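Colleague: Input: one structure, supplied below.
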Amino acid sequence: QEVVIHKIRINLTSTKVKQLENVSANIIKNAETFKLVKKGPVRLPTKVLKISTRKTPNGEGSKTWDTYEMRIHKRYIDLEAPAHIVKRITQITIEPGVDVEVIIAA
Amino acid sequence: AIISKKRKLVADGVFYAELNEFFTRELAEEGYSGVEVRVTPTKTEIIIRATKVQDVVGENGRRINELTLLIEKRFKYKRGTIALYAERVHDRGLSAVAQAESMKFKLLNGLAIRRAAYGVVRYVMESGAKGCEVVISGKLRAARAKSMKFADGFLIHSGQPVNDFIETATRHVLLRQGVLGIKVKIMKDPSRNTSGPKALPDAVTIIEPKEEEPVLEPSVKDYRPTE
Amino acid sequence: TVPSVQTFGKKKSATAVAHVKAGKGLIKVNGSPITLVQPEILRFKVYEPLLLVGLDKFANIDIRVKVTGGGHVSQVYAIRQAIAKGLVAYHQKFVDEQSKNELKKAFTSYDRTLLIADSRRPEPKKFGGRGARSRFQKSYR
Amino acid sequence: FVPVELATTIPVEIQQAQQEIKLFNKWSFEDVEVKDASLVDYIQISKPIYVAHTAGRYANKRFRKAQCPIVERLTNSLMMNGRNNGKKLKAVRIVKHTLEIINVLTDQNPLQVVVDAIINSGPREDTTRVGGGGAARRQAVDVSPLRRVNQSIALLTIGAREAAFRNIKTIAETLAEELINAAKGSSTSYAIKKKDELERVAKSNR
Amino acid sequence: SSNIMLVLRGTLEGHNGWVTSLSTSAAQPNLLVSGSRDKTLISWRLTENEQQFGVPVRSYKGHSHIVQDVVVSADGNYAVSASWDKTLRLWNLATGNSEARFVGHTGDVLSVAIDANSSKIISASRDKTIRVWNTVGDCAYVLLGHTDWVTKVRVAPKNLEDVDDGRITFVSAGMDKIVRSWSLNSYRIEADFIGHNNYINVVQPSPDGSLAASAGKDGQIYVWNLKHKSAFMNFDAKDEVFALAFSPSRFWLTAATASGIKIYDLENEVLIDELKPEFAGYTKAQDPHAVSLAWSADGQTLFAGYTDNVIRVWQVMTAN
Amino acid sequence: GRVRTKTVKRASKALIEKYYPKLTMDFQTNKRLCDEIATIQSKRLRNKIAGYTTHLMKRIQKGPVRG
RNA sequence: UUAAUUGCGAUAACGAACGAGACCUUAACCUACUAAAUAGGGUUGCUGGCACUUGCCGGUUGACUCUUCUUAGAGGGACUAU
Ligand SMILES: [Mg+2]
Ligand SMILES: [Mg+2]
Ligand SMILES: [Mg+2]
Ligand SMILES: [Mg+2]
């Protein structure tokens, strides 16, 4: 007997976007075909991670500078959900790049 | 561990760089071409695209085995957490890195530079890519520095599609007189480019309209009524 | 429920969110009477739409504007835009098309950004200088 | 005179009948006349405003700079010296004070006074760098009306600042007295003095 | 012979995009809904006070792209708007708030047809489909049968055909150069009317409903019998057309030609008037062309909409 | 400073040559036509193509032109 | 003619390639969509003060509801359009 509502909460992470977006699409499609109550795939400010460096390794030349960056997207979600179907959902449909974390909200 | 998400992502990136430089250092003689890191909740698999798959595999699959332990020894991963997979490259012609390593190896044997480079570019054209370039700089048979370019087809230099299609590799070759820089640029065919745009930005494809005969002017028609 | 609509106005960062209801001529920005905007000289500007149309235009209306961001002049201009946009939105939605028409005519007939947002927005600073289009200095010798 | 009840009580002078837009609720643009027939259409007294500060796009196009209210151009040109480049609030307060002073000195509703001062101090002839290297000369050239307006504003504000520098007298009042001198032909004004000097140099080098 | 000449009375303005469609509520005389490229449906009250014939009432914001066709409800309280923002919108004409947003097309929508009385919704769209919606928002039927964009679907009026039929017939057209009329309950295909040498842009049935007219680029107007299932006549406008509207009482046909408006007396098969109003500063090639037409219930007033963002009223007064 | 370089003009000219009966004086309609009937990567290029096609439609309506 | 070897064209030149553009990031516009206690808002509880007329200004992981504002995806929007 594992009927207790779990309030399970997922949080995604991805350097890129489309993999994260399709992962979220898969998670929501699985939850809805499983008849679950969800708080939608909320959108969080994609944290830009910036580093500005000098191009020249020696400092000679006109001052020229460049800005590398990533843009990380988190977009957590959360379900009012039982265990076994949901934990199985968590352990399925992961592609590389996207990192998934689960907290039970115990 | 309890580590900020941004810090963890940077750590994953620098770990990716770890493995990439590792494989370039060691597996070069076996024809290393690229690395990928895929993670399941269970294990973190490392997928190693190489030219000569068996030599990377080694005798009776021993070689792969040792590499795994090195990783688990170097990066403190527990036994069985990470496994290694060897696959043949889809096609060695397209992967510029394999071509550049082939260049370096063929020079190591002391081959004709122009002959070797033209063999490489001909192989690239044979592989179906729509443009190749190989650049060699250094002490070409002399003391004064030189830099000759050997190109065919055509290559685009500017515009974000440069990253979208054109693969590029650079290698240093150790000859008795010093170091020779080789740069390989391969412009992948947009038609067969997965995971990205299927054509160049300015490639306009007009579609042929199907034709019909217009003589049927009056042509009263009737269907049977349907519920 | 009470006919009520919500609008916004901006100035480069400053955002004024205005909620307008069918009330009794209640005009508060940040929960304070509109007479008390600190610029004190830009003060007439916060009145500025009203005097164009005449406050009698909103005697059965109440406006509350919460405003954040920006500096001060930006804040005041955002408040102005919020007020004008709220008047226009309410009158268009519940009163009549022609009413909104003379309101738009009066607003646009004076300091066009009073109704329309200003798109004039700062751009990033390139390297090599103190400003986006400034260079440090050169020696030559 | 017809006050309207609301939940918030707008003060007397602001709420009474003010569909008669005034500069600072004090001075009216009506009755303001442009003497010289040229500089009309180059001063925007036709447009009534309630503050002398309206941040609009008045410099992107070739000639929209003329649509600026004249008082705002004066304000924006008060702030010189580099250090005080911004702080428009300071400039608008100074100009408001100066309008009050002009209201004191010769009641004549001040906007007419400042417009007349602008008209008078414009140099109708200028000089130009023409002499080539060796036999340098000073050529006499006619001037643009818009340039006359802009030049008048610049010389007025320059005179005001130079009068106020390290001086007990304040910028507002120094500007006011310069405007008073410039409404007439009072050569005590620095602005008209420089205008005369420029006119004379142009004339002597016809 | 038939000395009845209509004259313009005034103009209706307020749209900032082309007057794409008009629609008159049967029950209410002075009500007129007009859609524009400005994405804003304007409801007009007709006033007999002065030169302005009609006066706006409510503007219906809620459309992000072009509004193409407009249809009013039977009572005069709802109106359906077809838009290029990939949706349909149903509006209450008193409050002014849309309550239904019909979603599901892939090519942007072009045409709307109201039910006979109230129950169903008929929409045409570039996605080569015709959608039969309910009043709340769900799509019940997805009619297929056109390879190209369907330009317009209009419900065939049911005058007296049988007392009761339990069936609602309508018509559809597009660039397939074939006109497919349909029946609705259940609600399946029926006959094709292949007549057009160049593609059709507008079809609008006669007020009785047994007759319909189609026209397009070629300038040929094919007028057709619905129940009799026979081609009636083939006029030619000698010019590209935009809209055709049947007059209610007269046996007439207004047509929105590229140059002006051609009125045909169908019984005599002869045109009786051209509409070419005056504009200033238009060098004979930038003449705004009519793209919306509407005949009021009496049939004595015509409402037209050009690209000049103008809606004109043509009062049909007798010239003795 | 807009002059609409070779690619837009050539693609447009082809579109006229192939579909003149299917083009109109309008931009929006011609925009959707060119989007549907040809594959254009970036929508800015598609808008430019539609604009040139509309200009050519207006030119033809005024009078036949070379090329 | 354009900012452009950018085009109109004229043409012992013809067709092609790079560069420019095209392209990507960002900035702006989306009362259209998708949603949101890690962002907000309305109503409504329970409370604090004042005016006492039911009005304001407040507080409050209470309840309900909403997404204009804040987010970020899909997209829409301009191409010199008229
Ligand atoms: Mg290029
Ligand atoms: Mg600076
Ligand atoms: Mg570029
Ligand atoms: Mg929003």
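In the structure tokens, each chain is lettered A, B, ... as it comes, each chain's residues begin at 1, and ligands are numbered from 1 in order of appearance.
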Given a cut-off of 8 Å, which residues of chain E touch chain B, counting only C-alpha atoms, written out as a list in words?
Modeller: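 Taking only C-alpha atoms into account, residues 183, 184, 185, 186, 187, 188, 189, 190, 191, 192, 193, 194, 195, 196, 197, 229, 230 and 231 of chain E sit within 8 Å of chain B.
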Colleague: Report as an MDAnalysis selection string all protein, DNA and RNA residues lying within 8 Å of stretch 160-172 of chain E, evaluated on only C-alpha atoms (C1' of nucleotides), omitting residues in the same chain fewer than 3 positions from it.
Modeller: chainID E and resid 116 150:157 179:185 187 203 205
Colleague: Would you compute the distance between atom CA of residue C:77 and atom CA of residue C:4? Give it in Å to one decimal.
Modeller: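 Straight-line distance from atom CA of residue C:77 to atom CA of residue C:4 works out to 22.6 Å.
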Colleague: Hey, list the chain C side of the contact with chain D: 9 Å cut-off, only C-alpha atoms, answer as a PyMOL selection string.
Modeller: chain C and resi 23-28+33-35+39+41-45+47-48+51-56+58-60+62+110-113+118+120
Colleague: Store the residues picked out above in a file with N, CA, C and O atoms, as a short mmCIF file (atom, residue, chain, number, x, y, z; two decimals), in the first residue's frame.
Modeller:
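Saved file selection_27.cif follows:
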data_model
loop_
_atom_site.label_atom_id
_atom_site.label_comp_id
_atom_site.auth_asym_id
_atom_site.auth_seq_id
_atom_site.Cartn_x
_atom_site.Cartn_y
_atom_site.Cartn_z
N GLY C 23 -15.17 53.51 -9.44
CA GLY C 23 -15.08 53.98 -8.07
C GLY C 23 -15.54 55.42 -7.92
O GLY C 23 -16.58 55.82 -8.44
N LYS C 24 -14.76 56.19 -7.17
CA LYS C 24 -15.15 57.53 -6.75
C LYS C 24 -14.00 58.52 -6.93
O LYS C 24 -13.81 59.42 -6.09
N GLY C 25 -13.24 58.40 -8.01
CA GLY C 25 -12.14 59.31 -8.23
C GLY C 25 -11.01 59.12 -7.25
O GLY C 25 -10.57 60.07 -6.60
N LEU C 26 -10.53 57.88 -7.13
CA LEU C 26 -9.46 57.54 -6.22
C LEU C 26 -8.19 57.35 -7.04
O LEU C 26 -8.14 56.48 -7.91
N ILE C 27 -7.17 58.17 -6.77
CA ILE C 27 -5.95 58.20 -7.57
C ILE C 27 -4.78 58.03 -6.60
O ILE C 27 -4.34 58.99 -5.96
N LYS C 28 -4.25 56.82 -6.51
CA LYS C 28 -3.11 56.54 -5.64
C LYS C 28 -2.05 55.80 -6.43
O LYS C 28 -2.34 54.77 -7.04
N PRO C 33 -1.51 59.64 -2.41
CA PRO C 33 -2.18 60.57 -3.33
C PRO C 33 -1.23 61.05 -4.40
O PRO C 33 -0.05 61.29 -4.15
N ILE C 34 -1.76 61.19 -5.62
CA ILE C 34 -0.92 61.46 -6.77
C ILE C 34 -0.20 62.79 -6.64
O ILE C 34 0.80 63.03 -7.33
N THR C 35 -0.65 63.64 -5.73
CA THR C 35 -0.08 64.97 -5.55
C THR C 35 1.33 64.90 -4.98
O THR C 35 2.05 65.90 -4.96
N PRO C 39 9.63 63.91 -7.56
CA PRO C 39 10.21 64.88 -8.50
C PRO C 39 9.68 66.28 -8.18
O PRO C 39 10.47 67.20 -8.27
N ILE C 41 8.82 68.54 -9.47
CA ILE C 41 8.74 69.36 -10.66
C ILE C 41 8.15 68.59 -11.82
O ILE C 41 7.41 69.14 -12.64
N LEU C 42 8.41 67.29 -11.87
CA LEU C 42 7.74 66.41 -12.81
C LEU C 42 6.32 66.16 -12.31
O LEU C 42 5.58 65.37 -12.90
N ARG C 43 5.96 66.83 -11.22
CA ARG C 43 4.65 66.62 -10.62
C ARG C 43 3.53 66.87 -11.62
O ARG C 43 2.63 66.05 -11.79
N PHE C 44 3.58 68.01 -12.32
CA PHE C 44 2.53 68.27 -13.29
C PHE C 44 2.44 67.15 -14.32
O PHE C 44 1.35 66.84 -14.80
N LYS C 45 3.57 66.51 -14.62
CA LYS C 45 3.55 65.42 -15.58
C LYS C 45 2.68 64.27 -15.12
O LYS C 45 2.01 63.65 -15.94
N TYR C 47 0.05 64.58 -13.45
CA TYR C 47 -1.30 65.06 -13.71
C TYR C 47 -1.59 65.10 -15.20
O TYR C 47 -2.75 65.22 -15.60
N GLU C 48 -0.55 65.01 -16.01
CA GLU C 48 -0.59 65.54 -17.38
C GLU C 48 -1.73 64.99 -18.22
O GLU C 48 -2.39 65.80 -18.89
N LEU C 51 -5.40 66.64 -17.00
CA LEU C 51 -5.68 68.01 -17.39
C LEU C 51 -5.98 68.13 -18.88
O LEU C 51 -6.70 69.04 -19.29
N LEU C 52 -5.44 67.23 -19.69
CA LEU C 52 -5.80 67.23 -21.10
C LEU C 52 -7.28 66.92 -21.27
O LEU C 52 -7.98 67.55 -22.08
N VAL C 53 -7.78 65.96 -20.50
CA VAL C 53 -9.14 65.49 -20.72
C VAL C 53 -10.10 66.11 -19.71
O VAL C 53 -11.30 66.23 -19.97
N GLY C 54 -9.59 66.55 -18.56
CA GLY C 54 -10.46 67.05 -17.52
C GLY C 54 -10.87 65.92 -16.59
O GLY C 54 -11.43 64.92 -17.03
N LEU C 55 -10.59 66.09 -15.30
CA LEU C 55 -10.78 65.02 -14.34
C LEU C 55 -12.22 64.55 -14.27
O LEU C 55 -12.47 63.42 -13.82
N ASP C 56 -13.17 65.37 -14.71
CA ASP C 56 -14.56 64.94 -14.73
C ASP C 56 -14.73 63.70 -15.58
O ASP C 56 -15.70 62.96 -15.40
N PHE C 58 -13.17 61.04 -15.36
CA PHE C 58 -13.16 59.92 -14.43
C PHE C 58 -13.62 60.42 -13.07
O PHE C 58 -12.83 60.82 -12.21
N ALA C 59 -14.94 60.41 -12.88
CA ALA C 59 -15.56 60.66 -11.59
C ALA C 59 -16.14 59.40 -10.98
O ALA C 59 -16.26 59.32 -9.76
N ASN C 60 -16.49 58.42 -11.80
CA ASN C 60 -16.94 57.11 -11.33
C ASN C 60 -15.86 56.05 -11.49
O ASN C 60 -16.17 54.87 -11.68
N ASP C 62 -11.73 54.70 -10.20
CA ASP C 62 -10.67 54.78 -9.21
C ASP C 62 -9.44 54.10 -9.79
O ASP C 62 -9.54 53.02 -10.37
N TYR C 110 -0.84 65.35 -28.06
CA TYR C 110 0.03 66.05 -27.13
C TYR C 110 1.01 65.04 -26.56
O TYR C 110 0.61 64.18 -25.77
N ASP C 111 2.28 65.16 -26.94
CA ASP C 111 3.36 64.36 -26.37
C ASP C 111 3.07 62.87 -26.58
O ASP C 111 2.73 62.12 -25.65
N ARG C 112 3.12 62.49 -27.85
CA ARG C 112 2.69 61.19 -28.36
C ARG C 112 3.03 60.02 -27.44
O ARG C 112 2.24 59.08 -27.32
N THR C 113 4.18 60.07 -26.78
CA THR C 113 4.49 58.98 -25.86
C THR C 113 3.59 58.97 -24.64
O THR C 113 3.76 58.09 -23.79
N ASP C 118 7.53 54.27 -25.25
CA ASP C 118 8.76 54.65 -25.91
C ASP C 118 9.65 53.43 -26.09
O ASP C 118 9.92 52.69 -25.14
N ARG C 120 12.77 53.66 -27.19
CA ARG C 120 14.14 54.14 -27.07
C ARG C 120 14.83 53.51 -25.87
O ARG C 120 14.55 53.85 -24.72
#
Colleague: I need the contact residues of chain A against chain B, so if you could list those with any atom within 8 Å, counting only C-alpha atoms, and return them as a ChimeraX atom specification, that would help.
Modeller: /A:13,15,49,72,91,94-97
Colleague: May I have the selected residues written with C-alpha atoms, as a compact mmCIF listing (two decimals), in the first residue's frame?
Modeller:
# COMPACT_ATOMS: atom_id res chain seq x y z
CA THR A 13 18.57 21.31 -16.25
CA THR A 15 22.79 23.67 -21.43
CA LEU A 49 26.93 32.22 -17.45
CA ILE A 72 21.16 27.28 -18.44
CA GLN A 91 13.45 6.80 -14.51
CA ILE A 94 15.98 10.84 -20.37
CA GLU A 95 18.19 11.95 -23.25
CA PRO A 96 21.83 13.01 -22.84
CA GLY A 97 22.62 16.57 -21.89
Colleague: Any idea what's packed within 12 Å of stretch 30-33 of chain A, counting only C-alpha atoms (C1' of nucleotides), ignoring anything in its chain fewer than 2 positions away? Could you give it as a ChimeraX atom specification?
Modeller: /A:8,23-28,35-41,77-82,85-90,92-93
Colleague: Could you tell me, counting only C-alpha atoms (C1' of nucleotides) and all ligand atoms, which protein and nucleic acid residues lie no more than 9 Å from ligand 4, written as a PDB file with N, CA and C atoms (P, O5', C5', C4', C3', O3' and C1' of nucleotides), in the first residue's frame?
Modeller:
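Final file, result-v3.pdb:
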ATOM      1  P     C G  30       4.131  44.546 -25.480  1.00  0.00           P
ATOM      2  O5'   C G  30       2.665  44.294 -26.026  1.00  0.00           O
ATOM      3  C5'   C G  30       2.108  42.991 -26.005  1.00  0.00           C
ATOM      4  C4'   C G  30       1.710  42.547 -27.385  1.00  0.00           C
ATOM      5  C3'   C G  30       0.796  41.330 -27.426  1.00  0.00           C
ATOM      6  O3'   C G  30      -0.056  41.436 -28.555  1.00  0.00           O
ATOM      7  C1'   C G  30       2.776  40.851 -28.591  1.00  0.00           C
ATOM      8  P     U G  31      -1.633  41.579 -28.336  1.00  0.00           P
ATOM      9  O5'   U G  31      -1.758  42.044 -26.825  1.00  0.00           O
ATOM     10  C5'   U G  31      -3.026  42.381 -26.288  1.00  0.00           C
ATOM     11  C4'   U G  31      -3.416  41.455 -25.169  1.00  0.00           C
ATOM     12  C3'   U G  31      -4.913  41.212 -25.045  1.00  0.00           C
ATOM     13  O3'   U G  31      -5.141  39.919 -24.501  1.00  0.00           O
ATOM     14  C1'   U G  31      -4.132  42.307 -23.106  1.00  0.00           C
ATOM     15  P     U G  67      -5.956  33.086 -16.854  1.00  0.00           P
ATOM     16  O5'   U G  67      -4.734  34.098 -16.832  1.00  0.00           O
ATOM     17  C5'   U G  67      -4.910  35.453 -17.220  1.00  0.00           C
ATOM     18  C4'   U G  67      -3.642  36.249 -17.049  1.00  0.00           C
ATOM     19  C3'   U G  67      -2.469  35.785 -17.906  1.00  0.00           C
ATOM     20  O3'   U G  67      -1.668  36.915 -18.235  1.00  0.00           O
ATOM     21  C1'   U G  67      -1.869  35.665 -15.642  1.00  0.00           C
ATOM     22  P     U G  68      -1.758  37.573 -19.693  1.00  0.00           P
ATOM     23  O5'   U G  68      -2.440  38.984 -19.433  1.00  0.00           O
ATOM     24  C5'   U G  68      -2.361  40.014 -20.404  1.00  0.00           C
ATOM     25  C4'   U G  68      -1.862  41.296 -19.795  1.00  0.00           C
ATOM     26  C3'   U G  68      -0.473  41.240 -19.185  1.00  0.00           C
ATOM     27  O3'   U G  68       0.541  41.446 -20.150  1.00  0.00           O
ATOM     28  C1'   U G  68      -1.967  42.242 -17.655  1.00  0.00           C
ATOM     29  P     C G  69       1.989  40.789 -19.960  1.00  0.00           P
ATOM     30  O5'   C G  69       2.612  41.573 -18.727  1.00  0.00           O
ATOM     31  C5'   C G  69       2.873  42.964 -18.803  1.00  0.00           C
ATOM     32  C4'   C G  69       3.140  43.536 -17.436  1.00  0.00           C
ATOM     33  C3'   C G  69       4.337  42.958 -16.709  1.00  0.00           C
ATOM     34  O3'   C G  69       5.541  43.584 -17.102  1.00  0.00           O
ATOM     35  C1'   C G  69       2.475  43.058 -15.245  1.00  0.00           C
ATOM     36  P     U G  70       6.645  42.760 -17.914  1.00  0.00           P
ATOM     37  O5'   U G  70       7.204  41.736 -16.838  1.00  0.00           O
ATOM     38  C5'   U G  70       7.716  42.189 -15.595  1.00  0.00           C
ATOM     39  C4'   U G  70       8.341  41.046 -14.847  1.00  0.00           C
ATOM     40  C3'   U G  70       9.019  40.023 -15.738  1.00  0.00           C
ATOM     41  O3'   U G  70      10.357  40.387 -16.007  1.00  0.00           O
ATOM     42  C1'   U G  70       7.556  38.925 -14.231  1.00  0.00           C
TER      43        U G  70
END
Colleague: Taking a cut-off of 10 Å and counting only C-alpha atoms and all ligand atoms, can you build a table that, for each residue of chain B near ligand 3, reports the nearest atom pair and how far apart they are in Å (one decimal), sorted by chain then residue number, as a Markdown table?
Modeller:
| residue | atom | partner | partner_atom_place_in_ligand_line | distance |
| --- | --- | --- | --- | --- |
| B:158 | CA | ligand 3 | 1 (Mg) | 7.7 |
| B:159 | CA | ligand 3 | 1 (Mg) | 6.8 |
| B:160 | CA | ligand 3 | 1 (Mg) | 9.8 |
Colleague: When you look at residue D:121 with a cut-off of 12 Å (counting only C-alpha atoms (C1' of nucleotides)), what residues show up, excluding the ones that are within fewer than 5 positions of it in the same chain? I need them as an NGL selection string.
Modeller: :D and (36 or 114-116 or 147-157 or 159 or 178-187 or 189-199)
Colleague: Produce as a VMD selection string the set of residues near ligand 1, where near means within 10 Å with only C-alpha atoms (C1' of nucleotides) and all ligand atoms considered.
Modeller: (chain B and resid 155 to 159 201 to 202) or (chain G and resid 17 to 23)
